[PDB]
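To start, the structure itself, in structure tokens.
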Amino acid sequence: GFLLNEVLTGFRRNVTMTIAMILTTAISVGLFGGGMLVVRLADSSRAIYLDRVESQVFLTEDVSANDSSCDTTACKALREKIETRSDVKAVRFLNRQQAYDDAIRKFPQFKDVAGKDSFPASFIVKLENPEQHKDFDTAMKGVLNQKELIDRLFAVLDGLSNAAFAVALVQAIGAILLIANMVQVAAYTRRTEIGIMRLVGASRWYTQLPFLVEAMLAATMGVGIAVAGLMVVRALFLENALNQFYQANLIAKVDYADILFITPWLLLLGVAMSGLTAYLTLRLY
Amino acid sequence: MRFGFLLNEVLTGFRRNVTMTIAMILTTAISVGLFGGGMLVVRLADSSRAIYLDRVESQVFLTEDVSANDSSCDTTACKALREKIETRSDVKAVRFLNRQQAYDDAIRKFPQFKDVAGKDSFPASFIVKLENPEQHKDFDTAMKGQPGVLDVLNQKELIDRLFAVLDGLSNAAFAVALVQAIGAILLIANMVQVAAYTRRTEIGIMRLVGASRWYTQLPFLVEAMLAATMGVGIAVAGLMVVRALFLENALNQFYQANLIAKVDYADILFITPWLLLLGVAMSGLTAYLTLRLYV
Amino acid sequence: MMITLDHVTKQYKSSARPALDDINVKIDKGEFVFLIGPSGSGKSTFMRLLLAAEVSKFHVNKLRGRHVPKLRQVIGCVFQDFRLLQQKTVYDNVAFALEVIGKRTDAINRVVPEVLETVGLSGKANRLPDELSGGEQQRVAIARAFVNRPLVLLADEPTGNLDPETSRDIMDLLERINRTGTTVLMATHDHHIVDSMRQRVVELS
Amino acid sequence: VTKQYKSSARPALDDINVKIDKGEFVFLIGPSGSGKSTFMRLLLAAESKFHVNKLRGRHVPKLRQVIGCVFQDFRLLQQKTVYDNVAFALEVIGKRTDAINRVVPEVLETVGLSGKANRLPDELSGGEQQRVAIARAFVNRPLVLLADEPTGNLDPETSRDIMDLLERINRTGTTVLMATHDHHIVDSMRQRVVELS
């Protein structure tokens, strides 16, 4: 630890060829960041929707009025008629109080200008087969439910996520073997540096130490430029992509705090991977 | 003879070094595969014009009976609606369309309804743009209430978001591709360097006894070009398997909901003549120039 | 008489020292020359300028990319580290240089059994092609230069790292090669060379 | 001890057990050259304070820091300078910053070239080229010194100067093992040789 300005000798030997990995491991460590990012935003966006099988009953709202339990004259009949059908499992209802808090907690886009009156009673219910949809909607029509009429966030967000991990893993192995043979040729281009150590009996740790030191520093630079790449590809590219989905109240927004939240995990992954694949090839040398 | 005296020792280059070659395969495969993924979305966005309107109109639907007579119309009510819709204060140019081409292409615009598609179920269009995109709701409020029309269909800022995010990846996949593409270029400069460090006695002996213009760099160029071709092949194979494994489950409903017109795994083979030369030039011309720098 | 450099001065990597000064020497056909040893200087300098610097049909002034390879085939060279690999057999290691020019496939083998006994290698030709001792390395190094019919060959410090009783035989075999029709140029910083041919030379540094 | 380098007849591994380990200047006569290098390479990393290569392990680099060596040719790096080259084998064994530059020109005063420590190694003369390697071979006090062909490729006057420097540097009490290339210089100082096959 007393000597620190000796790993820069390798960089001054080859800037133009040491640079070849920093931008190459950038896609290998930033595609994992993007794949974790889309899963992180998908798990937040799943709250505002419903599950796989669900219905909404918004046809009648004056019979709900302000009473919590739907057992007031005709409200008893309207609550009792839900479970009369055989294609349901359980019944539930929400009061007038559950009309503005759920529209503010689940929707941070706006928390006011509602008055707990625009959202009626839920009377939501789940079914078995998600195929008839409209027939079950018209079963009690006498109901703003979406169900699976549009299948986008259920499918394409997970598909692009699993496609991002596949394109990460198809060249992550190439990155791991590129580290190993790259530090192998970095040792092979300086035969005398290793040989003078073996002649004077230097320790086996300290002989392969500066290769590992420059490997961690250059991999840390690679993870940093990948984090910068994910920060810029949200900003410079796809500007009118997530904001206009957020203002449409369809996809939950993403801020820049979760990039920082996954950043130490990303550095730990890059550092551990680079150390494992450098010690494995310097065990031979 | 002429194709065998050079084929015998180039395989010894892969045999003597098995690790750097697969590095070039797996890195060049991304510089071609991700570029193909970025080119498919561009060739999909322009092919999604057949079922979408362009940047601004407001489609209006009118009653069939006033359009059911003659070719266009026979009464003065159509002409009155024409002169009322011609000025409309702010706009200046309108389009008058009839029911002959309103059925249009029934196998592409409505491939889900290519059978049950009458020529009288589609009324006249009377389409007109707007000078600005921010007054669409005002125009829809102003148009409705006039008798003789059915409904007004807008196509902007309710459906066009998905086209906006579609082209967003076009200038996003190219950025990630071109970041690592120059790394894939420069790796080819040191492929010959690693071959020269691993094999310096043969190149030194050939330079000592005498080598022609194309004598000893030809194995390096073939080892670069065939690696580029194998990288392009594994790139399009990986693109095919990732599309058919992770994208068909998301594009079937989008084709069903009539949001993308074409969507097919045949444009991938339609661009591979356009794609193979870009894969081998960035690994071949770089190797042909870096040997002038080295020897 | 074509092998003659007059008033030619160059420095190793533009050094302040004159290095190779304007040395005027004329070499006729089959004229043996050694190195006078200017205080044991860097013998890589002033020896490698005969080809690829900074000799029969072209001088040292006509330099081009299509001029060096044609006139590089009339000249051979003998190095020190022998440039012989253990990954290829010794019988074909001398035959590697033939296809760099390019001849017929059957034309390769019609000359090997009348050149691999000129330096003497029939006793050790195919067996032990990888585990090859240092004695025959100079034999195969000299035989690599005789696969063609060159005029002049460069042989700098060919004694290696071995005892002189097994080094004098290289000069003994090279002595009878000179009157075959080729010129041998020698470059070593060793004594007892003037007692081999007994001819007066010049002393230039 | 006994070893086999290959699967053929080895003229160097004759199971010859000769050792002095306290002589002033003894050296090995080499008939083959390559086979003489195995005896020098036997002392470290083949198969003193301890009895040869017996009971090796992770304490091998502790004992390889005592003897040291010099090659026939080069052992050089051109990125550094001659001062960095001669002091390069001082911080890799572990020393204080004042301990490394505690005495600089003792090692350059024993080689005959003193001062001008800022030259690049490429600017050195050919006859004094391996002089920096001989200087690096004795930067600290050794117990032995296996000079495998220290004469190398050099002029006869420069080789005589290098041999005189080697025969003077061991006046402290070390042992310098030359490897023989000729038989008119190396048998001209009346020092012991070896008999082998």
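Averaging the sequence gap over all C-alpha pairs within less than 8 Å and six or more residues apart, then dividing by the number of residues, gives region C:85-205 a relative contact order of 26 percent.
Using the rule -39500 (n - 2.57) for each DSSP H run of four or more residues, divided by the residues of the protein assembly as shown, the 222 nm mean residue ellipticity is -13000 deg cm²/dmol. Shielding by partners for peptide D:33-42, expressed as the average number of C-beta atoms from other protein chains within 10 Å of each residue's C-beta, is 2. Taking the charge dipole of chain A about its Cα centre, with +1 at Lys and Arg Cβ atoms and -1 at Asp and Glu Cβ atoms, the residue from A:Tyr188, A:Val143, A:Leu242 reaching farthest to the positive side is A:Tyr188. Counted over the protein assembly as shown, the DSSP beta bridges are approximately 45% antiparallel. Site-free segments of chain B were taken between trypsin sites (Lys or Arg not before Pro) in DSSP loops having at most 13 other Cβ atoms within 10 Å, sites themselves excluded; the longest one is B:214-295.
With Cα atoms as the point set, region C:84-148 shows a radius of gyration and Dmax of 11.3, 32 Å.
3J(HN,Hα) along region B:106-121: 7, 9, 10, 6, 10, x, 6, 10, 6, 8, 8, 8, x, 7, 9, 6 Hz, from the Karplus curve 6.51 cos²θ - 1.76 cosθ + 1.60 with θ = phi - 60°, whole Hz, x for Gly and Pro. For region C:89-195, trypsin sites (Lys or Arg not before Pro) are listed when DSSP marks them as loop and at most 14 other Cβ atoms sit within 10 Å of their Cβ; the list is C:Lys103, C:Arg104, C:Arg110, C:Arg127, C:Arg176.
Taking 21 Å as the limit for the C-alpha separation, the pairs A:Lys111/A:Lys253; A:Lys106/A:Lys147; C:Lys43/D:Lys116; C:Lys57/C:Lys103 exceed it in the case of C:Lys43/D:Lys116; C:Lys57/C:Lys103. With the convex hull drawn over the C-alpha atoms of region B:19-60, the volume per residue is 53 Å³. Sparsely packed loop sites in region B:1-73 (the chymotrypsin sites (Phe, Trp or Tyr not before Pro) outside DSSP H, G, I, E and B with at most 13 other Cβ atoms within 10 Å) comprise B:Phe3, B:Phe5.
Between the alpha-carbon centres of region A:5-53 and region B:57-135 there is a gap of 51 Å.
Annotation: the antiparallel percentage among DSSP beta bridges lying fully within chain C is about 30.
Cα centroid separation, region A:257-279 to region B:211-270: 30 Å.
Fewest first, what order do A:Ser69, B:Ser31 take by the number of other Cβ atoms within 10 Å?
By the 10 Å Cβ count, ascending: A:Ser69, B:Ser31.
Taken over region B:59-157, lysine pairs spaced eight or more positions apart, or on distinct chains, with alpha carbons under 23 Å apart number 20.
Residues whose amide H lies under 5 Å from that of C:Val25, counting only those 5 or more places away or on a different chain, are C:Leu5; hydrogens are built 1.01 Å from N in the peptide plane. The alpha-carbon atoms of region D:34-177, seen along their principal axes, cover 44, 39, 31 angstrom, with the largest extent given first. Rg ratio for region A:1-83: its Cα radius of gyration over 2.2 N^0.38 Å, N being its residue count, equals 2.63. When the Cα positions of B:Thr216, B:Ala164, B:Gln112 are compared along the charge dipole of chain B, B:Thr216 comes out farthest toward the positive end, with charges on each C-beta of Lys, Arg, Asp and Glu.
Only helices reaching 24 angstrom along their own axis (Cα) with mean Kyte-Doolittle hydropathy no lower than 0.0 count here, and for the DSSP H runs of chain B these are B:19-45, B:170-198, B:218-246, B:272-294. Each residue of region D:26-36 was assigned a 3J(HN,Hα) from its phi angle through the Karplus expression (A = 6.51, B = -1.76, C = 1.60, θ = phi - 60°), giving 10, 8, 9, 7, x, x, 9, x, 5, x, 6 Hz with x at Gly and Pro. The alpha-carbon atoms of region B:59-157, seen along their principal axes, cover 41, 35, 22 angstrom, with the largest extent given first. Each residue of region D:154-171 is assigned a 3J(HN,Hα), and the resulting list reads 7, 5, x, 5, 5, 5, 5, 5, 5, 5, 5, 5, 5, 6, 9, 6, 8, 5 Hz, derived from the Karplus form 6.51 cos²θ - 1.76 cosθ + 1.60 (θ = phi - 60°), x at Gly and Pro. Shape class of chain B from the Cα gyration tensor (axes a ≥ b ≥ c, square roots of the eigenvalues): prolate, since a/c reaches 1.5 or more and a/b is larger than b/c. Neighbour counting of Cβ atoms within 10 Å sorts the residues A:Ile48, A:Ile225, fewest neighbours leading, into A:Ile48, A:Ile225.
Principal axis extents of the Cα atoms in region A:191-285, from largest to smallest and rounded to whole angstrom, are 71, 20, 18. The residues B:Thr12, B:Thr27, when put in order of fewest to most other Cβ atoms within 10 Å, stand as B:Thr12, B:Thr27. Measuring nothing but alpha carbons in the protein assembly as shown and taking Rh as the Kirkwood radius, the Rg to Rh ratio lands at 1.15. Candidates C:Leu85, C:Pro69, C:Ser41 compared by Cα position along the dipole of region C:1-108: farthest toward the positive end lies C:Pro69, with charges placed on Cβ. The shape of region D:139-197 can be summarised by an equivalent ellipsoid whose semi-axes, obtained from the alpha carbon gyration tensor, come to 19, 15, 11 Å from longest to shortest.
Among the chymotrypsin sites (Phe, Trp or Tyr not before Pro) in region A:242-273, those placed in a DSSP loop whose Cβ has at most 13 other Cβ atoms within 10 Å are A:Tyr256.
Computed from the coordinates by the stated procedures, all read-outs in this text should not be read as laboratory data. So basically every Cβ, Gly included, is an ideal-geometry build from the backbone, and we count neighbours across all protein chains shown.
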